[PDB]
């Protein structure tokens, strides 16, 4: 089984204002299939602060 | 000596004079007679000073 | 046409006073009275008002007073009970008519009360 | 969370102690340590206060008192020397951030001075 | 001298539990009447208690 133990993104956060956290769940960490079976297309917008 | 009206149920119609000294029902829960931190007097005084 | 306020003598704590605001007029029953309070050199305040059907007092004089009407005389009168030395003020009395907005403000009466 | 304090003990007059203040949080450096004690049967008065590297002491607690901070281990020491019977009281450490919010109060430790 | 600073965001601020309670002896809003608090939105709100 595959587990994750490294989280090296940011050092420390001082001014924390807005936060949303989803409910805890589980996602897969295993799989070495060569050909791609899926694709996730994401669009990101920031209009008028939204 | 110059008093003004401050508390009223709504905006008075044009050219309408309102001199009723009855206690305004300021708070959500009505209180009758005198006042506490609610149903305060609808008249306040100008502090006209040279 | 005018209002004169007389009274406010020298009394003791807990005593009873009788202050009358006799009005020069002919429909002063319609001109409901409002009593105002000013401290000796501090900010002003109101006291009471017998606006015909019902009454309304202030926090300092809540229910301690017996406001009265003299409709047969077109004069107003306030009864002072449970007087305190911290009520040393200058009571007023005023009435504005319903028609043709106008004021008949008075002069004032001392509310000096001793403490012991 | 109630703060944990340790380092006091019942010793004779002129003794030494080292009071500790323990709190959980990565911002332990940005906070401040203030000490207050209440003598048995007497009012609580000022004891000590440290602001980063600054040190301040009151009229009758200067010289004897010396406070140092070890912000890496989240432990602030309050070194004590030359204990006197008038210092017999229970000491509490106070936490205050750059603004003074998120304050916490703990049980503290008992400090007693014994006279020969 | 150690006045608190707590951030308030992304929530609903009904005052029918606060203003209607008789415990709060002092309640003076210098910009609006207490009634209009719910009918108007707000922004980043700081909760300062002392």
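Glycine also receives a Cβ, built like all others from the backbone with ideal geometry; neighbour counts cover every protein chain displayed. FYI, it's all coordinate maths here, none of it is from the lab.
Using the 2.2 N^0.38 Å rule of thumb for compact globular proteins, work out how chain A stacks up: its C-alpha Rg over that value, please.
On the way: Rg = 16.8 Å, N = 50, 2.2 N^0.38 = 9.7 Å.
Dividing the Cα Rg of chain A by 2.2 N^0.38 Å gives 1.73.
So for the protein assembly as shown, Kirkwood radius off the Cα pairs, Stokes-Einstein at 10 °C and 1.306 mPa s: how many µm² s⁻¹? Each step should come with its number before you reach the end.
Working: Rh = 28.9 Å.
Result for D is 55 µm²/s.
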When chain D is modelled as a GNM with alpha-carbon springs shorter than 10 Å, which of D:60, D:95, D:20 fluctuates the most?
-> D:60
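Tell me, what is the percent relative contact order of segment C:29-93, built from C-alpha pairs under 8 Å that lie six or more residues apart?
Working: 101 pairs, mean separation 22.9, N = 65.
The normalised contact order for segment C:29-93 reaches 35 percent.
Round to the nearest 0.05 the FRET efficiency obtained for residue A:3 and residue B:11 when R0 = 51 Å and r is the Cβ-Cβ distance. Could the numbers behind the result be given before it?
Working: r = 68 Å, r/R0 = 1.32.
It comes out at approximately 0.15.
Arrange the following residues from fewest to most other Cβ atoms within 10 Å of their Cβ: C:62, E:28, B:9.
On the way: C:62 13, E:28 6, B:9 9.
If I rank by nearby Cβ atoms, fewest first, I get E:28, B:9, C:62.
Counting only C-alpha contacts under 8 Å and six or more residues apart, can you give the relative contact order of chain B as a whole percent?
Values: 60 pairs, mean separation 23.7, N = 50.
Rounded, it is 47 percent for chain B.
Out of all DSSP beta bridges with both ends in the protein assembly as shown, state the antiparallel percent to the nearest 5. Please report the intermediate quantities before stating the final value.
Working: 63 of 67 bridges.
Counting DSSP beta bridges with both partners in the protein assembly as shown, the antiparallel share is about 95 percent.
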Ranked from fewest to most other Cβ atoms within 10 Å of their own Cβ, A:16, D:21, B:39 fall in the order A:16, B:39, D:21
Say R0 is 45 Å: what FRET efficiency, to the nearest 0.05, do residue E:14 and residue A:14 get from their beta-carbon distance?
-> 0.90
So for segment D:4-114, what percent of the C-alpha to C-alpha distances run longer than 24 Å?
-> 19
In nm, the gap between the two label points placed 7 Å beyond Cα toward Cβ at residue D:115 and residue E:43 is 6.4
Which whole-number percent gives the relative contact order of chain D, counting Cα pairs below 8 Å spaced six or more residues apart?
-> 38
Between residue D:99 and residue C:38, the two model label points (7 Å from Cα along the beta-carbon direction) sit apart by a distance in nm of 4.5
Please arrange D:103, B:18 by counting, for each residue, the other beta carbons lying within 10 Å of its beta carbon, fewest first.
-> B:18, D:103
Label spacing, shortest first and in nm, from residue C:42 to its equivalents in the remaining copies (7 angstrom along Cα→Cβ) | 3.9
Could you tell me what percent of the DSSP beta bridges with both partners in chain D are antiparallel, to the nearest 5?
-> 90
Note to self: C-alpha centroids of segment C:29-55 and segment B:17-50 sit apart, in Å, by 12
